[PDB]
Amino acid sequence: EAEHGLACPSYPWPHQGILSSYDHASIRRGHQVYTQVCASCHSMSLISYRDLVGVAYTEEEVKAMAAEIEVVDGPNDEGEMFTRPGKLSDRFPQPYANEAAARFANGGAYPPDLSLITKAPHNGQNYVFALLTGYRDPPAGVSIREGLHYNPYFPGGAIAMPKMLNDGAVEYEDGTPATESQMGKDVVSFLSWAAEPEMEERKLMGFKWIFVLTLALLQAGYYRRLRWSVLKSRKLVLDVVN
Amino acid sequence: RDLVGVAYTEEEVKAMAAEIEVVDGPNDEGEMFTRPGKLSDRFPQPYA
Amino acid sequence: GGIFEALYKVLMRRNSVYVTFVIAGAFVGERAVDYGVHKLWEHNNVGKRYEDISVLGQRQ
Amino acid sequence: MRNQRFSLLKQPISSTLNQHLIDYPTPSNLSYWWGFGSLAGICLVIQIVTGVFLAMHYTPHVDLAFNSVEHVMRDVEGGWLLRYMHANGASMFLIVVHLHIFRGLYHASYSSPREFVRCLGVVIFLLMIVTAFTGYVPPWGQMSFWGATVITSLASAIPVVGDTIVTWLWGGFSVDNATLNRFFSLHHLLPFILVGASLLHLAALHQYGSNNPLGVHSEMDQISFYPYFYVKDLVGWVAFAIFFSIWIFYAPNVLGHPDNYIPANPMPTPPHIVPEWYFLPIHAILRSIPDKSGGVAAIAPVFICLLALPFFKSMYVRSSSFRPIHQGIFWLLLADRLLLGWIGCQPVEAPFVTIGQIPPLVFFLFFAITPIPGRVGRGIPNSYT
Amino acid sequence: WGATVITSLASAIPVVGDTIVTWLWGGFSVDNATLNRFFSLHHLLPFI
Amino acid sequence: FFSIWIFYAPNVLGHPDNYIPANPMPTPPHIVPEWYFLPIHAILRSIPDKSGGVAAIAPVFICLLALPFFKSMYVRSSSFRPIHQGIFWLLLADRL
Amino acid sequence: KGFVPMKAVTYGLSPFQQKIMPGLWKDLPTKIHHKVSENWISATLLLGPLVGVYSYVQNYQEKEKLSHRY
Amino acid sequence: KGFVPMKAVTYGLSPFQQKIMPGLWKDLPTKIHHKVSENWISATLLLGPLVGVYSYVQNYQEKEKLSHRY
Amino acid sequence: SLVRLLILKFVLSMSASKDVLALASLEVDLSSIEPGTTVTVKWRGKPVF
Amino acid sequence: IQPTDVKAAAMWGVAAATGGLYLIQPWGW
Amino acid sequence: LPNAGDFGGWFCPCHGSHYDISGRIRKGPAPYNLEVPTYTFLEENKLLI
Amino acid sequence: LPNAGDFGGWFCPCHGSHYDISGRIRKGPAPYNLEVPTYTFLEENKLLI
Ligand code: HEC
Ligand code: HEM
Ligand code: HEM
């Protein structure tokens, strides 16, 4: 029983429930953790900058964020390409120029895109949390080659990424003791938001319409009985015995 | 390749296409190199 | 008891009045259930909203 | 009579709608298992409408398809509702048709004079399978690419002519952009043919009328359709809407595979390849026989047996209520075609190979045995007197 | 340019004009959204 | 007839400008639609007013849809109706 | 499908003279008894094989995994 | 949509007992003369306005062009 | 109510999307031109007379 | 005979207007 | 098109709107004149769009 | 995929093809061996096709 992984348990996520919502302070903290100790290797490339206004920042904060970076731009009228600071409509910058360079700079392995990394695995949220948090010591009789690290939550047991959620690896602007578990929780919340940004509109509309449709079901049952009453209670005389 | 059978034999077109240089996608390194042309290339452009 | 018959005699002698009544009642009930479910929504999870984060203007 | 207009319903402008929807005489003891045909019509209309609106935002190219789907589902006002309705209404449509088929198989509705209806139904079932399988590809994920490869390379088990057929079907030497464009056009075209087949199905039913839970002559006691069965159908539609909304709004990704959220990559392979949940019994039947030619030549007898059910000149009683042994065999077959589906998803290894070899034996033994009760029941009237 | 002229001829109508033109174009000008929209409509209408 | 069109003159019934990829900045000097929309197009540009020009198409379809409901004529074929026959030919010339 | 002559007599009452809902929950327990007593054989036949197969597969895989352990 | 009582009498001959083609080209010039003499007015009324408008436009355009010169 | 819901959702699905509305305002640069002449320029999606 | 018909026509127009102001909810008008 | 019409201005042969050089619609069914945007000098030569 | 099955070579999860290290079919539906393409070697490490 290898090359499948260990079985990750289930954690009571705040955004679980029938009328539960995201935790926007946790989303803010998770985006901080991403942009400080994650984006050097992976990429999102599906989240824009403006998607965060009204979710974890104002417009001015994200305008400053997007103006920090410098992106390439189309040909100038001379006929050449230049670089200008980013706008709200730009996308999260990529760390490598192409996928071949990504494999070259990490020992052949490819660090996957992180936009949909929660839906694409099986049981994504708890798997990602316990994968990031649960690095461990190999068992009695298993040896890891040089250049790989041991984790029981990956198919095979030998992963290419090293542990990085070390204690105090990021500074929080709200005064929170940044243990590895706190950082993992905030990152998972941010990534889950990035995967499913419509969960709230969805849940509200669903609750409303299930209520209304159950009422309509009661009405439909009454209408049916009212129409069928005459037939289901008549009496007929038939003139036969056996 | 459109020219073979129409105005040139195949070998002339092969050598003529091998005259020019065009770019190709990344190697394992990740660089844009160049190598001479083939039969399945298109007429080169003079500007960018 | 007699409320049913009185309301019937008022609102159900013609059909155009009936259709207008149905449309208006749909509008009102839709808005009311919207309001109710919204109220449950903010009741269930306090301290999680967008504007309940303490530092949303302090990154300058 | 006819010297001046009495009703506008009996006028030519609305004569046939009157005759086939309003006045059409139906037996008065029909139960709820006669609502699923109308419910399936509703499902088909939902699919067509949400498809015509989805294909207003999707670009069928191997560079821009995954991005088109994500742009729809992440950037268009209410586009997540459209996408989820489409991808779950396919599952609802297959569920409704499976229940429909099993109802018709309980009360023996295939027998005379209603076998033309059965034949048209089987043709419709082929069209449904083809359309769903072709349309699982255009999002262009891992499962789309590798399912297309595997299933369309099963078409090379045929003798010599097979390889040419596969090469022609792929549009080249492998699954690539030509397959994507071709599959999109076919997927947009087929549902209209499916609509036409359904209309022919319904006319062929109406030319005799419907069966009844007793399986007897039923022309002495009949009523109108409206308003007596329209209200029953309304109750069915409302319960259906509740079920559908529960799937759309509170669990929209439970009926799929996560791997279709990874962009296509011809070099790596997923460790577990399966088709969408409603193709699994056929998959298990096809993998039961350890031979390519046997694999392709097992599914043709399945449809041949299905289409040749109604022509066994057989027993004189239809309703399985007065038939204990046909009733028991029906329940056995129903349990078997669930066990087969569950096996059609597990790894190909022990013990699953044996338990994937015996269920097909039983699934064919059902069609084998069934004429024997008809012949041996010819003689009940002459014995139990 | 034919699409531009003919489909912008629908802003001559009173107050609703600009709104229906912008809703028809899917944006601010005749671009990719209009192209994909028109393709789907073209595949659908002949069956009607 | 169809195959004479396809095989020996397949571009006579089109405008040459559609072999130039779309360029939103420059405008063509003479913009027209296909050959089978030109009567409507001429009726449409015949008015020096946008509202009038757009709402002059509506009488075309209203008249075409309201021909059948005049209820005094008793002879159908134009063979026995000289004046209506002449009006038919003159209408054809005007439509061309 | 047409005209079988009948000779019968029927009486009927208007829809607005009858209690409509109270009929559902009249004697539900005895309905439960009758329904279960009727359909228990069919329930057995539908449910048996699935449970048997599931238990057999569970035991086989459990024993195999225990066997390969060092 | 019905029929009427008629009372007529008809004789016919088989297809394979009579010459078929020679009827097309029998007496063409008199048929051509009849058609022309019957439909000259329709041809005139169809082709008049086109010629008049074309000549008028040509004349106007050439006059304007030649008057704009130096 | 349900019919109104479905009609509105389907009709508003065809309106301009968030991507297009994000790019709807900016300022760019021109070049010099002679007195009485013009060189046309470009913006988000509209030239400049 | 005219009064009943015209009153019914006016009330049906009221119903149509109410339906229109249900489908669209403009506060700018 | 600039350099067209009876006014030497920006004439639109799409439906025949003869604008003047001033930009006011003289001949044509145009219900509005050309839109005037916001722009001002920096020193002498540049005006942002 | 490598190093899976009951033979020590490759395993194909599409229809349960179990392969040995040599690659010849021993159990399952494959009738043929894994098809050898044309290739060669240059001096020590270059394996041209
Ligand atoms: C030092 C570079 C580096 C950084 C920084 C990094 N990773 Fe990784 N990551 C990798 C590599 C290399 C892989 C590929 C592992 C493999 O293929 O075996 C990977 C893979 C993953 C995977 C895929 C696991 C799977 O089952 O496919 C996830 C999830 C992941 N990283 C999450 C994260 C998160 C969250 C962070 C931020 C805390 C992060 N990574 C930061 C190097 C990095
Ligand atoms: C899109 C798919 C289908 C549609 C829209 C459809 C529609 C219908 C409708 C509306 C009826 C009459 C209503 C009723 O009796 O419940 C009916 C009857 C019937 N259908 Fe279908 N059906 C479909 C698929 C199938 C299939 C696949 C089969 C068989 C393999 C089938 C077999 C039958 C039979 C046997 C009847 C007889 C009705 C009776 O016994 O009274 N149907 N169908
Ligand atoms: C005119 C009719 C139809 C049109 C225009 C249409 C259009 C589309 C388009 C554009 C897609 C790709 C977008 C996406 O995958 O989200 C799609 C996917 C799909 N279609 Fe359709 N479709 C039609 C009918 C149908 C029907 C009748 C079915 C019946 C089952 C069906 C089943 C599917 C499935 C299963 C998918 C993929 C599900 C998924 O994306 O996960 N389609 N369709």
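All of the numbers you see were taken from the coordinates with simple rules; none came from a lab. Positions of Cβ are generated from backbone atoms using ideal geometry, with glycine treated the same way; all protein chains shown enter the neighbour counts.
Structural remarks
- Over chain B - Rg/Rh using Cα atoms and the Kirkwood inverse-distance radius: 1.07
- Partner chain coverage, peptide D:232-238 - average Cβ within 10 angstrom: 4
- Using C-alpha pairs below 8 Å separated by at least 6 residues, the relative contact order for chain D is 23 percent.
- For the range A:3-135, a/c is not less than 1.5, where a ≥ b ≥ c are the root eigenvalues of the C-alpha gyration tensor, and a/b does not top b/c. That puts it in the oblate class.
- Dipole orientation for the protein assembly as shown: of the candidates F:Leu13, G:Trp40, D:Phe93, G:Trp40 has the Cα lying most toward the positive pole (charges on Cβ; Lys, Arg +1; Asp, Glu -1).
- Charged side chains reduced to their Cβ positions (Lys and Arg at +1, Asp and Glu at -1) give chain L a dipole of some 200 debye around its Cα centre.
- Anisotropy class of chain C from Cα gyration tensor, a/c 1.5 cut: prolate
- Across the range D:166-181, coupling constants 3J(HN,Hα) worked out from phi with the 6.51/-1.76/1.60 Karplus curve, θ = phi - 60°, read 5, 4, 5, 5, 6, x, x, 9, 6, 7, 7, 4, 4, 4, 5, 4 Hz, and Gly and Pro carry x.
- Debye intensity ratio I(q)/I(0), log10, the range A:102-242, q values 0.15, 0.16, 0.18, 0.21 Å⁻¹ (C-alpha model): -0.96, -1.03, -1.18, -1.36
- With neighbours defined as other Cβ atoms within 10 Å of a residue's Cβ, the residues D:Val130, D:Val161 order from fewest to most as D:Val161, D:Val130.
- Placing +1 on the Cβ of every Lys and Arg and -1 on the Cβ of every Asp and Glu, with no other charges, gives chain A a dipole of roughly 2160 debye about its Cα centre.
- Likely footprinting exposure, D:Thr131, D:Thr164, fewest C-beta neighbours within 10 Å first: D:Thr164, D:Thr131
- Per residue, the convex hull spanned by the alpha carbons of chain A comes to 303 Å³.
- Look at K:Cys12, A:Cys38 and count the other Cβ atoms within 10 Å of each Cβ; fewest to most, that gives K:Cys12, A:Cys38.
- Label points for K:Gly8 are taken 7 Å from Cα along Cα→Cβ. From this copy to the others they lie 9.5 nm apart, shortest first.
- Debye intensity ratio in log₁₀ form over the Cα atoms of chain L, taken at each q of 0.24, 0.26, 0.30 Å⁻¹: -0.81, -0.87, -1.04
- Under the span-like rule (Cα at least 18 Å along the axis, Kyte-Doolittle mean at least -0.5), DSSP H helices of chain F: F:82-95
- Overall form of the protein assembly as shown: rounded. Here a/c, set by the Cα gyration tensor axes a ≥ b ≥ c, is under 1.5.
- The C-alpha atoms of chain G define a longest principal axis, and helix G:28-68 lies at about 20 degrees to it.
- Against the rule of thumb 2.2 N^0.38 Å, how large the Cα Rg of the range F:1-68 comes out: 1.57
- Normalised by residue count, the range A:79-131 yields a Cα convex hull volume of 157 Å³ per residue.
- Among G:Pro29, G:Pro15, G:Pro49, residue whose mean-square fluctuation peaks in a GNM of chain G (springs only between Cα atoms under 10 Å): G:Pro15
- Under 14 Å of direct C-alpha separation, and excluding same-chain neighbours fewer than eight residues apart, B:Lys38 reaches these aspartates and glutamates: B:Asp2, B:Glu10, B:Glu11, B:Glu12, B:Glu19, B:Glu21, B:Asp24.
- Listed pairs I:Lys18/I:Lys46; A:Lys208/I:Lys18; D:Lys232/G:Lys31; D:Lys10/H:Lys7; A:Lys119/A:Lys208; A:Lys119/D:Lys232 exceeding 29 Å between Cα atoms: D:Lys10/H:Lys7; A:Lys119/D:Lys232
- Per residue of D:351-357, other chain Cβ atoms within 10 Å of the residue Cβ number 2 on average.
- Remark: the range A:147-229 is approximated by an ellipsoid whose semi-axes, taken from the C-alpha gyration tensor as √(5λ), come to 52, 20, 9 Å, largest first.
- Compared with the dominant Cα axis of chain C, that is its longest principal axis, helix C:2-11 is turned about 90°.
- For the range D:309-385, the fraction of alpha-carbon pairs in successive 10 Å shells from zero, as %: 16, 40, 25, 14, 5, 1
- Per-residue HN-Hα couplings for the range A:104-110 [Karplus 6.51, -1.76, 1.60; θ = phi - 60°; Hz; x = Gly/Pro]: 5, 8, 9, x, x, 6, 10
- Within chain A, antiparallel bridges make up roughly 90 percent of the DSSP beta bridges whose residues both belong there.
- Against the main long axis of the alpha-carbon atoms of chain D, helix D:292-308 sits at an angle near 20°.
- In this assembly of identical copies, the label point of K:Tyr39 (Cα plus 7 Å along Cα-to-Cβ) is separated from its counterparts by 6.3 nm, sorted shortest first.
- Simple point charges give the picture: +1 on the Cβ of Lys and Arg, -1 on the Cβ of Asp and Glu, and for the range D:226-336 a dipole about the Cα centre of about 460 debye.
- When the Cα positions of A:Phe211, D:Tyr226, I:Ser31 are compared along the charge dipole of the protein assembly as shown, D:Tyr226 comes out farthest toward the positive end, with charges on each C-beta of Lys, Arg, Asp and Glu.
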